[PDB]
Every structure is written in C-alpha cells, then in structure tokens.
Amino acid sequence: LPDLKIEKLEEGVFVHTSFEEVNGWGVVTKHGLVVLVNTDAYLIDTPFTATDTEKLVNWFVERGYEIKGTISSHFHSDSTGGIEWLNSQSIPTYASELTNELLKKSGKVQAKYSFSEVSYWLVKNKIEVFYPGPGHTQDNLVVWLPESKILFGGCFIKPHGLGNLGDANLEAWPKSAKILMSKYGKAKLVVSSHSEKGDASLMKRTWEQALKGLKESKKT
C-alpha cells in the first residue's frame, strides 16, 4: 500500500493523498487538504484510515500546529474514515446534518458538530463549506478558500467520468454542477478527490459529464 503523501500547494495549503486497495490489481487515490490559519490546522476530509489520519495529524503537530477542526465533504469512508480516531483525540469533527444522518444510517461514527446552513463558514472569511445540491451523493459538499481562490470539489468534481453511481443523484447532478460553476468562476485552482488538480474548467467538465450520465441513464 503506497504511503500517505503531503504536498505544499502554497502558504497555508497542503494536499494530503491516501490510498486504498480495490482488490489485488492496484489502488484508489484520494486527495484532501490541510489548511493553516496562523498555527491552527484544519483537515479538509480525512484519509481512508485511522492510521493515515494519525500520520497526517502527527506531521502537523510535530511542526507546531494545533488541529482545531476537520470537515468531511461527504459520508463515504474516503472523506470520513478518520472521524472515530479524531473523536477519540477530542479533535473537533464537523459534517453537515445530512452527512451525519447518512453516517448513522450506514452504522458509522458521526462527526461531533453538525450544521444545516447551505453556506457554512468553518473559519470566518477563510474556510467556506458549500452545498451545491445532490450529485455524487445527496450530501456532497465543496470547500472554498477565498484568500487563495482554491476550491476543494471533493468527490463532486468528476472531469473524466462520474464513477460509482450507487449513492448518486443523476437527475440533480447537472443543476448542482451549474450552481457550482456560477458561484466559483473566480476559482484559480480546483482540487478534486480522485483527479489531478486543475483550473475552474474542471467545474464545466463535471457539468458535461453529469449531463452525459443523465442522458445515458434515460436511454435505458
């Protein structure tokens, strides 16, 4: 299993990359962020495992940062796998009320703190959590960093194909993708869960893939 990677994007923004075996043939790649406000650190998604969440936290703690909070972009384990471990360390975990309902329904440990607001400022003027509407999942969120114009699109941003449709809302995805394009056109960088980082055009590529997936589902 490849090791957790940490890469600096700019001052105050790091991408964490963790890996999971799909079964014998190679691995899934998952990107999240760590955002620094002075000496406060915020996890944007957890790695898949408690073990990789602890490695990630330990890397920032050793450099004099305090983990002030985590946000999970959706209920799937690639965003939420570390919540139980973070809770055991009394590190504040956040998810939307809908995300916590979906964790509870799937027999998973919930985030300690939840919110209902469509636009939720995890950190005033620094970290915005936004619900564009259903897509990859009913609850999928994005995270916007206004000072860097970095959008973390999580598993919503799907420039090359929508992936697993098990929990997806194909009827809503195109509308949700246009809402995102319309709000975050000033984005300098779009970081997705499962693809290479890109420019604002990844939001339009997602819209196109959403339209195509909906069209194909209506044919059969």
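What we label the rigid core is the largest C-alpha set whose atoms superpose within 1.5 Å from one form to the other. All residue numbers refer to positions in the sequence shown, first residue = 1.
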Determine, for 23 to 31 and 46 to 54, which one has C-alphas that on average lie farther from this form in 5 other deposited structures of this protein; superpose on the rigid core first. 23 to 31
Which stretch is less alike in 5 other deposited structures of this protein, 14 to 22 or 205 to 213, counting RMS CA distance after the rigid core is superposed? 14 to 22
Entry-level comparison of average CA B-factors, 117 to 125 and 131 to 139, reporting the higher stretch: 117 to 125
For the stretches 23 to 31 and 60 to 68, which has the higher mean C-alpha B-factor as given in the deposited record? 23 to 31
Largest Cα B-factor, entry values, listed residues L151, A41, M181, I44: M181
Would you please rank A210 by its C-alpha temperature factor against the other modelled residues of its chain and give the third it falls in: lowest, middle or highest? middle
Is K112 in the lowest, middle or highest third of its chain when residues are ranked by C-alpha B-factor? middle
Going by the CA temperature factor in the PDB record, which third of the chain does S77 belong to: lowest, middle or highest? middle
What third of its chain's C-alpha B-factors does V15 belong to: lowest, middle or highest? lowest
When the modelled residues of the chain are sorted by Cα temperature factor, does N164 land in the lowest, middle or highest third? highest
